[PDB]
Amino acid sequence: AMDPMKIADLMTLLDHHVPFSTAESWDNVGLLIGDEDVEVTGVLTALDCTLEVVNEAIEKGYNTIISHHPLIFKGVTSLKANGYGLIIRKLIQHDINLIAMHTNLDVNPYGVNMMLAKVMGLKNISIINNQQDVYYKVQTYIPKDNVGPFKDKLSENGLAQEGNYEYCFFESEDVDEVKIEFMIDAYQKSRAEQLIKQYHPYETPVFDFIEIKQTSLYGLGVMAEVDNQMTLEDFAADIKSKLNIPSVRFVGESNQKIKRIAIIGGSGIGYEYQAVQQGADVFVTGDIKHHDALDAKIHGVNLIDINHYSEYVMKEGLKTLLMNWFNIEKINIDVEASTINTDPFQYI
Amino acid sequence: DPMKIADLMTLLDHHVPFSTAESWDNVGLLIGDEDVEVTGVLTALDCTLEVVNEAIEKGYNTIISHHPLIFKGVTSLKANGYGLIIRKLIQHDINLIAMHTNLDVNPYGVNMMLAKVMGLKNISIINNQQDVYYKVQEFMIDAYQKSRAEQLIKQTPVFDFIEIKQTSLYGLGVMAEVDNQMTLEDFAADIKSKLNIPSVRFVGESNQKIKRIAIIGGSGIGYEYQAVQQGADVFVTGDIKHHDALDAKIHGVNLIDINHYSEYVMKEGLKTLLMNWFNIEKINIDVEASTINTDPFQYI
Amino acid sequence: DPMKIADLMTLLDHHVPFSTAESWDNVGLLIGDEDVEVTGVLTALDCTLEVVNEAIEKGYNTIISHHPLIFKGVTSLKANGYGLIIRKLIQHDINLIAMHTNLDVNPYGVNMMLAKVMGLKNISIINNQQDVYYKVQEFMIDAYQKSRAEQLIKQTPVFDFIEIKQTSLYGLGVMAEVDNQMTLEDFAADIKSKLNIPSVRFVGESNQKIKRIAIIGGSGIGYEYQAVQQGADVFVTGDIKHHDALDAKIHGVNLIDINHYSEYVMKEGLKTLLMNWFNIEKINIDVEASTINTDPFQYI
Amino acid sequence: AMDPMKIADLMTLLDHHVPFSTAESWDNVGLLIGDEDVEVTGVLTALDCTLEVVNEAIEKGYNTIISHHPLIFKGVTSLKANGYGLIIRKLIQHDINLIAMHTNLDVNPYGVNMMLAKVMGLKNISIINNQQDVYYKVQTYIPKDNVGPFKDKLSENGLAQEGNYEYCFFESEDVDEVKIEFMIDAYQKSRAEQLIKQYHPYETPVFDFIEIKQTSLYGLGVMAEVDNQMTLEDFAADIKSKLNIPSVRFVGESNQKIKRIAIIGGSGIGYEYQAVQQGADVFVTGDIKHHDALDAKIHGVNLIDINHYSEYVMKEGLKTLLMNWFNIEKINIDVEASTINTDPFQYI
Amino acid sequence: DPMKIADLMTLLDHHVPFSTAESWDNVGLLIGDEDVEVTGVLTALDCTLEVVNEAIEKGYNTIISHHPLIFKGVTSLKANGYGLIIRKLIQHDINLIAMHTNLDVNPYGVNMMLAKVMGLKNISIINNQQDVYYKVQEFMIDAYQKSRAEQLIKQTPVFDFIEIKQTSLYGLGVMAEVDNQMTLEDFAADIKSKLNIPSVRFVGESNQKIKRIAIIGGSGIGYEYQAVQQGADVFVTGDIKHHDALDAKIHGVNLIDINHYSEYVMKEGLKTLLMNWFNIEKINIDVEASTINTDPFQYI
Amino acid sequence: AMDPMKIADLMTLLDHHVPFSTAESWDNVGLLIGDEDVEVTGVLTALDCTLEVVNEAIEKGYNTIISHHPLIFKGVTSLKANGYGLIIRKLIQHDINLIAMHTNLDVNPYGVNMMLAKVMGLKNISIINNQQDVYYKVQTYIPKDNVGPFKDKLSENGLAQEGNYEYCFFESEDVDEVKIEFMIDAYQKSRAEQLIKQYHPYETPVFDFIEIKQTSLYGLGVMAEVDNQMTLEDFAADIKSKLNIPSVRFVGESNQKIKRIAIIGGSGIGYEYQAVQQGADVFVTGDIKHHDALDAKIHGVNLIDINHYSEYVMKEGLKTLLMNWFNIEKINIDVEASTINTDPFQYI
Ligand SMILES: [Zn+2]
Ligand SMILES: [Zn+2]
Ligand SMILES: [Zn+2]
Ligand SMILES: [Zn+2]
Ligand SMILES: [Zn+2]
Ligand SMILES: [Zn+2]
Ligand SMILES: [Zn+2]
Ligand SMILES: [Zn+2]
Ligand SMILES: [Zn+2]
Ligand SMILES: [Zn+2]
Ligand SMILES: [Zn+2]
Ligand SMILES: [Zn+2]
């Protein structure tokens, strides 16, 4: 008897590759509308889950929509047949599940900004603005001989990855001891306390947790470079064509030479000065407003507004990711990128 | 011409104006479609999953609850917790309307209803709101009338809108009285019995004499000192906590905790009001009070 | 008797009262010396270094900008960034005056100017401020008059100041209309051409029909729902972002982003007003609109 | 010539066993009304120091009242012959001292929640919601031979507990050194700096303080278990009887099987979800309100409201503690638990 | 029928209404028993332990201080610091009343008292409060009268309460004048001598000419710009700090720091007022000004 | 062709000796008005940069003013010919540069409070209220033999001061390793990550950054002592004379014996209780107000108000410092302390 993938199985897989915990604390991510117990019949990727997207999923026989933008962001106070209420109600009425992979996908090594840089044909793409993850270096003190492996083996048996580090030294030079050390993630602190107490000895078994911060693989934005050095206006025209953008605008001398590019898709104004500090010749983002562009201009910070809507690259990008992850796990569920242009703006 | 949700909403607003609700509150049509024809109305304190099941059972597509099922914004709608109730409503095409603080402050609302169930006399609204009305220079106008009256009166004329403040009919709480003075203990026992309450608790000497009573159903602590100022011998409310009771006791302010759940009286009270309003308008729609006891507490 | 900065400031305040500006805003003489004789006036949207160079070139010692060059307090004044422009003004004895939100809400200001440049009809101020005026008991008085009228009327008399609130002439935005209904797409194209805009974008079906138009130049998102309430078929503003456009789209609210930079129309609009005001007062001072395109954006 | 116990001596003893520093930072604990210099004539324990409690102390010839709840919580703005003013004035006029042992007693291993669990007849009682205490691992580098004990001995002489830990290694492999390490509490950092500077050598004597956090023995609440698995309603009836409560109310299916119990006496709503995470079958507390019970019910979190007033168990509990502490120290001062029922509520 | 604390409180409220005190302030009976018969009244700026000892010595059981001994809530009452003074009061059955900001804004209060001690002329309250009074439709009513007048006038009648705002008699500060113009230096020296101040300091050229003087006793910085607006040549207050003095100096605003402690003049000033009020009411109770110099500063 | 000192060269030198980063985060320090590219013609020191000070610099041919107090503190919203606008405009019009050395000079070992204590003739002067600086102890694990110096040499080549510390031990007792450790300042964390990755080996090169906090040399205030124990009033009269103060006021018994003195020039009320904890017999500051003096008196905290204006000692103090720093660097630029008494107060 089969184990067809349920929403709960999909959630675990999504979380493995694009951890929901990497989303900002203000964000609203994960299963927003649906039922964990339901069997997935197909997956439609979307930037914004508009009414037409829901209609498209229904028409295709798919019961799961993964969007970038959370359809429910601040709590909804009503669910009427109007506005966003009409979309939410239609999902529920048709038993469609909606998952949001929002800022977790913005900060992922394979997420929105890797996807943007790739579509722009750029090279040497690296995450920037790295998160910091908290670890602990756990240090225990134990006598030599057989009580060392006795510790090692039991500790490694009950989890806590089998990489240890051992040094001789004297407690008091009365009691000669071995100081053992290993790493734990911040969540394991509790378990590590338990397991050390259970399989150690004395009246006062000595153990320490030393906070270690490590640079994360996750961060908001990428730095990349063009193949060949280019003028600002030529780089702007190039990416307008590659991303099929109706209108692009840039801030800076049109003949400015550009090699290193920082990209935060969406609305990344607030990071442009830091991007310049980090080595960018231009900061690429959307939703750039007059006074921030004016400020950038006077300071010599070069900008390109590719429009917030250029995050739409994640529909095909995430479709490709998910098909790969499904291949690995030998899952045959169909994934399609929504073909609807959901940009609220029409350009003239 | 069959009554739709939109028509119900108009009628309810007429009799219990949604604008009298507190600004923090979430009232009106919370879940539904205003174009849908009302098949029947079930009244509820809390819209639990059992209450939704009851509406479905009775063939009713409209629930009016006191407490808003969605109060702070919902962050997700999953098949769990409150998500389950909201999803069940939507999937069964049930409309949910909340008449919350607008009902608490209505002259015929929660506190009138409590005082009637207690058999009280001389019941009047306390803690009255203030209505803003302009005298135009002379005749009277309401809040919104101030825009159009310029838009009308400017067809070179010299005119004036004078703000006048009027004590509202609407307010949180009622003051009322027993026929004859009774002890605090006897009054607490009397209302326990009348409201079918499993357990009541009071603050004050059992032999204190009670004539004038202030009532705020739900959770009305914060108002007990004012009530005493307004003439109450006792303040009746729910959800009274230790430190607030201890303060009242030391200050000589008498209280009775009838439990927040005592707002359940609005189910029958609202059923009766709505049957009457329907009668006036010649609407032939069935209204029932939910029979489900939705108190999360069981008393021993 | 030659006009000084102080005299200019008086005249500008007469026609576009600096007190109609928002309380957060920074308006008036921002950089200068009120005793200095005005040699000429250059109007500007943003006072860039190029605009300062232009004033110097033209022999003008007075610039009137819409946008305040100093908005939040300056923490330093170095030869870099905005420091460069402020220092250049001072070192060349150029006076900078900001007519910012007071011009946005003026009956002849930014939004009248936008609606005229679009060739619109029936243009009226929307979002009107409220003026406080007292009726004394009877005759009328203004804001400041309430002090002196006691100081005058107390020379034992029994008197009254009655607060009356009056719809102001001043407000953020105008409502206006085209001669004949046109599609949303055609109207957007029409205004693109009339304002010489490199790129315009709109929200709403291209074949939506437009008759009544609400305009707030600059960055007016926050007001689009109210505008629709006030009768607009479309809200015209700049600096529209994705999520605000997506919200409007789902709610059926039509928008056009003409870009914040479209406030540049106030350069010629202000030049014309100031030439007229000068004429009335028989002041022979040259006024020019800056010809510099100061948009930080270049469009492709 | 005697050393009769003064309030200041009592305060030191109280603080030793139920440290005032473990109280919450918003709390108001310790000597609230009185004179440190005054000789203690007897001690009356109380939940709330009401007028009748003060009258009881006067009648008994006791000049010290220890209450759980602070009679002065937010600053008093007046002291009139009315309300709480009348109680405060009566204490002062009769030279009665009032000490509050509030949230420090809530979080103590022998405090309010241990006492509740014991009165309920429960077993395997353990503190939960543990505080974290900050320590430092101080590391200094010193040459071997005689300068090691020279360091050890002087450091241990000037306090800083004589548990050291020593390891060989090379500074620069030019200057061979011994790295010595030991623990200090967070307050000793200053002294440790001084003492290391004074008895070390070089131009730049190398020493480090490494922050270590340890799970405290103090925490808000206990987890315990019933002897024999029981239904929720039976457990509720049992504890109503054991604590002599006029009325108890519970949230949950009456036949729910209960083994593990979390208890926060007083008003502990806000912790029930965490208690369930920590393994509780039911969260026992007081002052439970409708909407929080409604939420608990829908989420399957089981609750029992034993009333805030059930904290009254600390009068006899603290009396027993204090008599034990006085025995140890050979102090003959009488301690009595106030017999007044001070519950503002009367149940019908 | 001997005067109790409650009767004193009524009389003081009549002449120096406790409701004119700032909302942050702590005034009235701070420590005491309103049923206790007043044996005598000692006036005080600060109620120090020495002032309590003086009351006890004189056989007086009532102290009226300007500064509230309890301002923010007391968190403990131990035999140390301020605890010592509060405990001594209570243990000796001394009643402490605070007439703080209500005395600062009174027409006969701190600032009248300062201006009199300086020998000034044409003294008037500045910074006046606003009194709310309703004209009922016509006759006048006060703040509280608005409730009962409905409760009275509703025995179907159509009526109106019109809010009228009236300049109060009460305000922080006085404006006053010398008989003849004098230099800033000479005026500072004159008031130093008249108030027996060990050290005075002034801001402004020593030869500036002074005629009109604004005074706020205590710590009145924040009001100096307004005072100049109101016509003052100099603002007189205490507790002036470097940066506030430097700002005033650069703006041409003249100041004199007479020290916060100069509010001590209210001891004799209040003694005189209270003897007079007692006379009117035929109360034979002794009132003395405390003779203790309570300044924490000693000057060298 | 010369390298005459420009403002940018002066800024670097100032920052070296009195780091701008030690200023409070609310403060406004450094070059407030001027041009980094301009050649310095002479330096005038000032407490407050008043109009007369600017006039004095012009008259002397000096184009640089260093003040203690920042002429621009909260952003200026206008620059009119009035008030502070007139001073700012006059600086700009005459090409005068103004640097503020504000709270950085308050907390410097040679700054305002050292200068105050020295002018008072005091001894044993020590900074108090020390800042804490964040460092990292970087720990890497590397095999013995030749890969150790290979690491050492390259790491030391690319900066990161050549003080290392080495200990033997076993990774897994499979792979025997050397644990190397060294210090970095908090800014080097990024570089250290790079350089370790570049010149280390494995699939997972193990390195840790351990946060170390050290007591700074910078702090607000000094503690010092009088030569000979003195009465409070005599100490007050002495310092009034030494600093030429028109009027001094003190709080405390006039015959109180004084040996240890805490000094925060300016407006240091808020620190007096801590100063007493730290061992002061009197707290010396300016701008003392009635209610704070009243509080101090009742608590037995002794105060002397020497007036905020007594910070004027830094004009000659900083002149002396700067002349010394210029000597070292062989710079011939004139430095003069402004002679203008800029006290807004005149005493009578
Ligand atoms: Zn994104
Ligand atoms: Zn986005
Ligand atoms: Zn209610
Ligand atoms: Zn309720
Ligand atoms: Zn504008
Ligand atoms: Zn603008
Ligand atoms: Zn407790
Ligand atoms: Zn409690
Ligand atoms: Zn005062
Ligand atoms: Zn005062
Ligand atoms: Zn300073
Ligand atoms: Zn200073």
# chains A, B, ... in the order shown; residues from 1 in each chain; ligands from 1

$ interface_residues --of "chain C" --to "chain A" --cutoff "6 Å" --atoms "only C-alpha atoms" --output "ChimeraX atom specification"
/C:81,200-203,239,241,245-246,250-251,296-300

$ residues_around --residues "residue 162 of chain A" --least-positions-apart "2" --cutoff "9 Å" --atoms "only C-alpha atoms" --output "number ranges by chain"
A: 152-153, 155-157, 159-160, 164, 182; F: 172

$ write_last_selection --atoms "N, CA, C and O atoms" --output "JSON list (two decimals), in the first residue's frame"
[["chain", "number", "residue", "atom", "x", "y", "z"],
["A", 152, "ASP", "N", 32.61, 8.50, 24.49],
["A", 152, "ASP", "CA", 32.52, 8.66, 23.03],
["A", 152, "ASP", "C", 31.34, 7.88, 22.43],
["A", 152, "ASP", "O", 30.42, 8.48, 21.88],
["A", 153, "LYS", "N", 31.40, 6.55, 22.58],
["A", 153, "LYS", "CA", 30.43, 5.59, 22.02],
["A", 153, "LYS", "C", 28.96, 5.86, 22.38],
["A", 153, "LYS", "O", 28.09, 5.83, 21.50],
["A", 155, "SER", "N", 27.66, 8.78, 23.75],
["A", 155, "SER", "CA", 27.35, 10.10, 23.20],
["A", 155, "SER", "C", 27.03, 10.01, 21.71],
["A", 155, "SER", "O", 26.00, 10.53, 21.28],
["A", 156, "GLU", "N", 27.89, 9.34, 20.93],
["A", 156, "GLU", "CA", 27.68, 9.17, 19.48],
["A", 156, "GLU", "C", 26.47, 8.28, 19.13],
["A", 156, "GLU", "O", 25.82, 8.48, 18.11],
["A", 157, "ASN", "N", 26.20, 7.30, 19.99],
["A", 157, "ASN", "CA", 25.01, 6.45, 19.88],
["A", 157, "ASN", "C", 23.72, 7.27, 19.95],
["A", 157, "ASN", "O", 22.82, 7.09, 19.13],
["A", 159, "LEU", "N", 23.00, 10.23, 19.11],
["A", 159, "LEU", "CA", 23.14, 11.39, 18.19],
["A", 159, "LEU", "C", 24.45, 12.16, 18.46],
["A", 159, "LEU", "O", 25.44, 11.54, 18.85],
["A", 160, "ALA", "N", 24.46, 13.48, 18.25],
["A", 160, "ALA", "CA", 25.65, 14.33, 18.47],
["A", 160, "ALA", "C", 26.87, 13.86, 17.68],
["A", 160, "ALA", "O", 27.72, 13.14, 18.21],
["A", 164, "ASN", "N", 34.90, 14.19, 17.46],
["A", 164, "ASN", "CA", 35.37, 14.61, 18.78],
["A", 164, "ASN", "C", 36.77, 15.22, 18.67],
["A", 164, "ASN", "O", 37.44, 15.07, 17.64],
["A", 182, "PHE", "N", 33.34, 18.88, 21.12],
["A", 182, "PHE", "CA", 32.56, 18.65, 19.91],
["A", 182, "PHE", "C", 31.57, 19.80, 19.70],
["A", 182, "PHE", "O", 31.37, 20.64, 20.58],
["F", 172, "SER", "N", 39.13, 12.94, 15.78],
["F", 172, "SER", "CA", 38.47, 11.69, 15.36],
["F", 172, "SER", "C", 37.11, 11.98, 14.73],
["F", 172, "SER", "O", 36.71, 11.34, 13.74]]

$ residues_near_ligand --ligand "ligand 6" --cutoff "12 Å" --atoms "only C-alpha atoms and all ligand atoms" --output "JSON list (two decimals) with N, CA and C atoms, in the first residue's frame"
[["chain", "number", "residue", "atom", "x", "y", "z"],
["A", 289, "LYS", "N", 12.35, 54.30, -5.51],
["A", 289, "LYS", "CA", 11.62, 55.56, -5.45],
["A", 289, "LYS", "C", 12.52, 56.79, -5.65],
["A", 290, "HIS", "N", 11.91, 57.88, -6.08],
["A", 290, "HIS", "CA", 12.63, 59.12, -6.41],
["A", 290, "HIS", "C", 13.71, 59.53, -5.40],
["A", 291, "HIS", "N", 13.34, 59.71, -4.14],
["A", 291, "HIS", "CA", 14.28, 60.32, -3.20],
["A", 291, "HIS", "C", 15.43, 59.38, -2.91],
["A", 292, "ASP", "N", 15.15, 58.07, -2.90],
["A", 292, "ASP", "CA", 16.29, 57.14, -2.74],
["A", 292, "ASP", "C", 17.23, 57.07, -3.94],
["A", 294, "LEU", "N", 17.62, 59.73, -5.95],
["A", 294, "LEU", "CA", 18.29, 61.04, -5.86],
["A", 294, "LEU", "C", 19.52, 60.97, -4.94],
["C", 25, "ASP", "N", 7.15, 68.62, 7.88],
["C", 25, "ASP", "CA", 7.85, 69.17, 6.70],
["C", 25, "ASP", "C", 8.87, 70.25, 7.09],
["C", 44, "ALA", "N", 12.69, 75.49, -9.02],
["C", 44, "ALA", "CA", 13.37, 74.19, -9.08],
["C", 44, "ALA", "C", 12.52, 73.12, -8.42],
["C", 45, "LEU", "N", 12.59, 71.88, -8.91],
["C", 45, "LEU", "CA", 11.94, 70.80, -8.18],
["C", 45, "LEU", "C", 12.90, 70.37, -7.07],
["C", 46, "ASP", "N", 14.06, 69.85, -7.47],
["C", 46, "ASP", "CA", 15.18, 69.53, -6.59],
["C", 46, "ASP", "C", 16.33, 70.50, -6.83],
["C", 65, "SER", "N", 12.69, 75.97, -4.43],
["C", 65, "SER", "CA", 12.56, 74.55, -4.80],
["C", 65, "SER", "C", 11.26, 74.04, -4.17],
["C", 66, "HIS", "N", 10.72, 72.97, -4.73],
["C", 66, "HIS", "CA", 9.62, 72.29, -4.13],
["C", 66, "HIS", "C", 10.17, 71.45, -3.01],
["C", 67, "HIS", "N", 11.11, 70.56, -3.35],
["C", 67, "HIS", "CA", 11.65, 69.62, -2.36],
["C", 67, "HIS", "C", 12.66, 70.30, -1.42],
["C", 68, "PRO", "N", 12.53, 70.10, -0.09],
["C", 68, "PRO", "CA", 13.48, 70.78, 0.79],
["C", 68, "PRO", "C", 14.86, 70.13, 0.73],
["C", 69, "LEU", "N", 15.89, 70.93, 0.43],
["C", 69, "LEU", "CA", 17.24, 70.39, 0.32],
["C", 69, "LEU", "C", 17.70, 69.86, 1.69],
["C", 71, "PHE", "N", 16.01, 68.34, 4.90],
["C", 71, "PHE", "CA", 14.72, 67.87, 5.36],
["C", 71, "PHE", "C", 14.88, 67.42, 6.81],
["C", 98, "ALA", "N", 12.17, 76.80, 0.35],
["C", 98, "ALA", "CA", 11.39, 75.58, 0.04],
["C", 98, "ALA", "C", 9.88, 75.82, 0.21],
["C", 99, "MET", "N", 9.14, 75.61, -0.87],
["C", 99, "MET", "CA", 7.69, 75.66, -0.87],
["C", 99, "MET", "C", 7.29, 74.24, -1.21],
["C", 100, "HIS", "N", 7.21, 73.43, -0.15],
["C", 100, "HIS", "CA", 7.03, 72.03, -0.29],
["C", 100, "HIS", "C", 5.57, 71.68, -0.08],
["C", 101, "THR", "N", 5.19, 71.05, 1.04],
["C", 101, "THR", "CA", 3.80, 70.58, 1.16],
["C", 101, "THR", "C", 2.77, 71.68, 1.12],
["C", 102, "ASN", "N", 3.15, 72.92, 1.51],
["C", 102, "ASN", "CA", 2.27, 74.06, 1.28],
["C", 102, "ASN", "C", 1.90, 74.26, -0.21],
["C", 103, "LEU", "N", 2.85, 74.02, -1.12],
["C", 103, "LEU", "CA", 2.54, 74.02, -2.56],
["C", 103, "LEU", "C", 1.72, 72.79, -3.03],
["C", 104, "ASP", "N", 1.97, 71.61, -2.45],
["C", 104, "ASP", "CA", 1.17, 70.40, -2.75],
["C", 104, "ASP", "C", -0.31, 70.59, -2.42],
["C", 105, "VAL", "N", -0.63, 71.38, -1.40],
["C", 105, "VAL", "CA", -2.04, 71.51, -0.99],
["C", 105, "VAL", "C", -2.69, 72.82, -1.45],
["C", 110, "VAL", "N", 0.75, 72.17, -6.88],
["C", 110, "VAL", "CA", 1.28, 71.07, -7.66],
["C", 110, "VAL", "C", 0.21, 70.31, -8.43],
["C", 111, "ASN", "N", -0.89, 70.07, -7.76],
["C", 111, "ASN", "CA", -1.96, 69.25, -8.35],
["C", 111, "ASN", "C", -2.91, 69.95, -9.35],
["C", 216, "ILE", "N", -2.53, 63.09, -7.07],
["C", 216, "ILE", "CA", -1.60, 63.60, -6.04],
["C", 216, "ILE", "C", -0.20, 63.43, -6.58],
["C", 217, "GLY", "N", 0.43, 64.54, -6.91],
["C", 217, "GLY", "CA", 1.78, 64.49, -7.41],
["C", 217, "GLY", "C", 2.78, 64.02, -6.37],
["C", 218, "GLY", "N", 3.85, 63.34, -6.82],
["C", 218, "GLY", "CA", 4.88, 62.90, -5.87],
["C", 218, "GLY", "C", 4.67, 61.44, -5.49],
["C", 219, "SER", "N", 4.28, 61.21, -4.25],
["C", 219, "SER", "CA", 4.10, 59.88, -3.74],
["C", 219, "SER", "C", 2.86, 59.91, -2.90],
["C", 220, "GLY", "N", 1.74, 59.59, -3.55],
["C", 220, "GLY", "CA", 0.42, 59.75, -2.95],
["C", 220, "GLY", "C", -0.30, 58.46, -2.61],
["C", 237, "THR", "N", -0.55, 59.19, -9.48],
["C", 237, "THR", "CA", 0.50, 59.58, -8.53],
["C", 237, "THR", "C", 1.85, 59.05, -9.05],
["C", 238, "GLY", "N", 2.91, 59.13, -8.24],
["C", 238, "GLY", "CA", 4.20, 58.54, -8.61],
["C", 238, "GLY", "C", 4.67, 57.53, -7.57],
["C", 239, "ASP", "N", 5.81, 56.88, -7.82],
["C", 239, "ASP", "CA", 6.47, 56.04, -6.79],
["C", 239, "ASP", "C", 5.52, 54.89, -6.37],
["C", 259, "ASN", "N", 5.26, 58.76, -12.30],
["C", 259, "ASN", "CA", 6.55, 59.00, -11.67],
["C", 259, "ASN", "C", 6.51, 60.24, -10.78],
["C", 260, "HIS", "N", 7.09, 60.10, -9.59],
["C", 260, "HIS", "CA", 7.31, 61.19, -8.66],
["C", 260, "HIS", "C", 7.90, 62.41, -9.43],
["C", 261, "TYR", "N", 8.84, 62.15, -10.34],
["C", 261, "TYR", "CA", 9.53, 63.24, -11.05],
["C", 261, "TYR", "C", 8.56, 64.19, -11.82],
["C", 262, "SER", "N", 7.36, 63.69, -12.18],
["C", 262, "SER", "CA", 6.34, 64.55, -12.77],
["C", 262, "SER", "C", 5.98, 65.81, -11.97],
["C", 263, "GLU", "N", 6.35, 65.88, -10.68],
["C", 263, "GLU", "CA", 6.24, 67.18, -9.97],
["C", 263, "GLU", "C", 7.09, 68.31, -10.59],
["C", 264, "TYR", "N", 8.00, 67.98, -11.50],
["C", 264, "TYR", "CA", 8.82, 69.01, -12.20],
["C", 264, "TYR", "C", 7.95, 70.12, -12.83],
["C", 265, "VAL", "N", 6.68, 69.80, -13.18],
["C", 265, "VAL", "CA", 5.76, 70.83, -13.72],
["C", 265, "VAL", "C", 5.62, 72.06, -12.84],
["C", 266, "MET", "N", 5.95, 71.93, -11.55],
["C", 266, "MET", "CA", 5.85, 73.11, -10.66],
["C", 266, "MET", "C", 6.91, 74.18, -10.95],
["C", 295, "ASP", "N", 15.95, 64.51, -12.92],
["C", 295, "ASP", "CA", 15.52, 63.16, -12.60],
["C", 295, "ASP", "C", 16.76, 62.29, -12.41]]

$ residues_around --residues "residue 206 of chain E" --least-positions-apart "2" --cutoff "7 Å" --atoms "only C-alpha atoms" --output "VMD selection string"
chain E and resid 183 to 185 204 208

$ select_by_dssp --residues "segment 267-301 of chain F" --states "helix (DSSP H, G or I)" --output "list in words"
residues 272, 273, 274, 275, 276, 277, 290, 291, 292, 293, 294, 295, 296, 297 and 298 of chain F

$ interface_residues --of "chain B" --to "chain E" --cutoff "8 Å" --atoms "only C-alpha atoms" --output "PDB file with N, CA and C atoms, in the first residue's frame"
ATOM      1  N   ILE B 162     -21.852  74.361  14.219  1.00  0.00           N
ATOM      2  CA  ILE B 162     -21.467  74.332  15.630  1.00  0.00           C
ATOM      3  C   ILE B 162     -21.510  72.906  16.204  1.00  0.00           C
ATOM      4  N   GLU B 163     -20.350  72.405  16.627  1.00  0.00           N
ATOM      5  CA  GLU B 163     -20.250  71.086  17.259  1.00  0.00           C
ATOM      6  C   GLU B 163     -21.008  71.099  18.569  1.00  0.00           C
ATOM      7  N   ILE B 164     -22.003  70.228  18.684  1.00  0.00           N
ATOM      8  CA  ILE B 164     -22.651  69.969  19.966  1.00  0.00           C
ATOM      9  C   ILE B 164     -22.463  68.476  20.300  1.00  0.00           C
ATOM     10  N   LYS B 165     -22.146  68.214  21.567  1.00  0.00           N
ATOM     11  CA  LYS B 165     -21.890  66.879  22.079  1.00  0.00           C
ATOM     12  C   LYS B 165     -23.118  66.443  22.862  1.00  0.00           C
ATOM     13  N   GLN B 166     -23.577  65.232  22.572  1.00  0.00           N
ATOM     14  CA  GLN B 166     -24.807  64.698  23.128  1.00  0.00           C
ATOM     15  C   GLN B 166     -24.524  63.350  23.798  1.00  0.00           C
TER      16      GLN B 166
END

$ residues_around --residues "residue 244 of chain D" --least-positions-apart "4" --cutoff "10 Å" --atoms "only C-alpha atoms" --output "list in words"
residues 238, 239, 240, 306 and 310 of chain D

$ residues_around --residues "residue 8 of chain A" --least-positions-apart "4" --cutoff "10 Å" --atoms "only C-alpha atoms" --output "PyMOL selection string"
chain A and resi 12-14+31+35-40

$ residues_around --residues "residue 40 of chain C" --least-positions-apart "6" --cutoff "10 Å" --atoms "only C-alpha atoms" --output "ChimeraX atom specification"
/C:55,58-63,284-288
